[PDB]
Amino acid sequence: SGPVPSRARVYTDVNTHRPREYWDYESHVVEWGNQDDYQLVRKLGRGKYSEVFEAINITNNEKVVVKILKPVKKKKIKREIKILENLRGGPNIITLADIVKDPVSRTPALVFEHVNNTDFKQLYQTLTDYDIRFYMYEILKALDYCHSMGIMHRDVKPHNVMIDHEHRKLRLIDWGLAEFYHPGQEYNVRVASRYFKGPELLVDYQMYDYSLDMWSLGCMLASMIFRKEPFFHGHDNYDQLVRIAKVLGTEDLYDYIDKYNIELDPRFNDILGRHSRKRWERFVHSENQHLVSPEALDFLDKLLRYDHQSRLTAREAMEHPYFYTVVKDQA
Ligand SMILES: N#Cc1cnn2c(NC3CC3)cc(Nc3cccc(-n4cnnc4)c3)nc12
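Residues numbered from 1 in each chain as written, not as in the entry; some residues may be left out. Heavy atoms only, no water. Residues with missing side-chain atoms left out of burial classes, pairs and counts.

- Looking at the PDB entry, one finds the chain named Casein kinase II subunit alpha, with Homo sapiens as its source organism.
- This deposition appears in the PDB under the title "Crystal structure of human Casein Kinase II subunit alpha (CK2a1) in complex with 5-((3-(4H-1,2,4-triazol-4-yl)phenyl)amino)-7-(cyclopropylamino)pyrazolo[1,5-a]pyrimidine-3-carbonitrile".
- In its Subcellular location section, the UniProt record describing the chain reads: "Nucleus". (UniProt positions renumbered as here; feature names shortened; annotations may be inferred.)

What follows is the structure, given as structure tokens:
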């Protein structure tokens, strides 16, 4: 009879202090550009809700990326657009450049700045220890910004990070799952990719916040420093929690569940079992050691907690000793 409520420990009331129209995205009327300014060059991808193309803007010969949407509810498009507009100009956030509709096909299309992304297949296997720190820092810039701006991404994962390694340039993309944080709001748990889902999603706690992003970020980091993609390799949503439980241990899981008075889907009773909390050494090997340091491990531990309220904030993370060499070097 009742899960215990949660609020975010930071940036809690940011949207409340803004005018309505900032977060009330169903109000948003869309500014349409001229679709004849863009010619499609080649397909790049086929996401869940979109097909993605490289294009040229013929007015200025600018290279651009075009996301043509499949049928989605207008208020979700208004949501994606509103968040992009609110965040435009923020550090390492992708820039929305324009919005167009095919006059006949009535299909909306988002137009983005092009990033010359070297492929995350082969990039991630040439990344030095310093490289990872630098790019982890650059993602945290984006996350602290969007959080301070009342937004949670909700789909942080390698595919949604664009890196031009030649120009040491990073952009957090795909804001189509992002939502505004409002104290006491119960969100949809059917979000994020399986391997990147935090416990709150898996146990069905809806009153989550920005700290979801910090779990996902931990997942990314783990896979990068231990060179194990994906780090938590679940067979389905249920088993994903088990993979977490096999590392973080069942004791803290049940403490988390008590505190928030969560009702576990009675299925979980079977397969969760009892499991100790493992040390990170069980994942350190000769081919990864050159990426793992005590400071990296300390950092990771403080991202990957069941209790969303005890995970580092983006700002806290940025102050971690893991990034001292990076922070000092960025002068
Ligand atoms: N935004 C952006 C951007 C910017 N650059 N870029 C590149 N650059 C190509 C490698 C040169 C690829 C690329 N690919 C891609 C593939 C599937 C889905 C999405 N997506 C989903 N939601 N928004 C976007 C994007 N996206 C981008």
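### Points about the site of the ligand
Phase 1 of the analysis: Lining the immediate surroundings of the ligand are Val52, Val65, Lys67, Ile94, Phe112, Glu113, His114, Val115, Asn117, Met162, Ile173 and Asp174.
Phase 2 of the analysis: One nitrogen or oxygen atom from the side chain of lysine 67 is found 2.9 Å from a nitrogen atom belonging to the ligand.
Phase 3 of the analysis: Contact between the ligand and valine 115: a nitrogen atom at 2.9 Å from a main-chain N or O atom of the residue.
Phase 4 of the analysis: For the ligand, the protein covers 85% of the area, taking 550 Å² as the surface of the free molecule.
Phase 5 of the analysis: The set of elements that each furnish at least two residues to the shell around the ligand consists of β3 (62-69) and β5 (108-113). (Near = heavy atom within 4 Å. Polar contact = N/O pair within 3.5 Å; in protein donor to acceptor, adjacent residues only side chain to side chain. Areas by Shrake-Rupley, 256 points an atom, 1.4 Å probe, with all protein chains shown as cover. Helix = DSSP H or I, 4+ residues; strand = E, 2+ residues; numbered from the N terminus.)

### Looking at the packing of helix α5 (residues 211-225) against helix α9 (residues 294-301)
Phase 1 of the analysis: Taken N-terminus to C-terminus, the directions of α5 and α9 make an angle of 150°; their axes are 10 Å apart at the nearest point. For the element pair α5 / α9, the angle class is roughly antiparallel. The handedness of the crossing between α5 and α9 comes out as left-handed. Along the contact surface, α5 presents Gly218, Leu221, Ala222 and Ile225, while α9 presents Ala296, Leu297, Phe299 and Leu300. (Axes fitted to C-alpha atoms, helices over the stretch in contact; angles between N-to-C directions. Parallel < 35°, antiparallel > 145°, perpendicular 65-115°, else oblique. Left-handed = near helix turned anticlockwise from the far one by under 90°. Contact = heavy atoms within 4.5 Å.)

### A few points about the UniProt feature "binding site: ATP" in the chain
Phase 1 of the analysis: Those places that UniProt annotates as "binding site: ATP" correspond, in this numbering, to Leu44, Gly45, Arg46, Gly47, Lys48, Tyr49, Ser50, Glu51, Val52 and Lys67. The named residues occupy 24 residues along the chain; their greatest pairwise C-alpha distance, 14.2 Å, places them in one compact cluster.
Phase 2 of the analysis: Mapped onto the secondary structure, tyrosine 49 falls in the loop between β1 (38-46) and β2 (50-57).
Phase 3 of the analysis: Of the residues examined, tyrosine 49 reaches a relative accessible area of 53% and is grouped as exposed.
Phase 4 of the analysis: Residues within four places of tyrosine 49 in sequence aside, it is in contact with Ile68, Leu69, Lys70 and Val72.
Phase 5 of the analysis: With respect to the helices and strands, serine 50 occurs in strand β2. (Buried < 20%, exposed > 50% of the residue type's maximum accessible area, 1.4 Å probe, protein only.)

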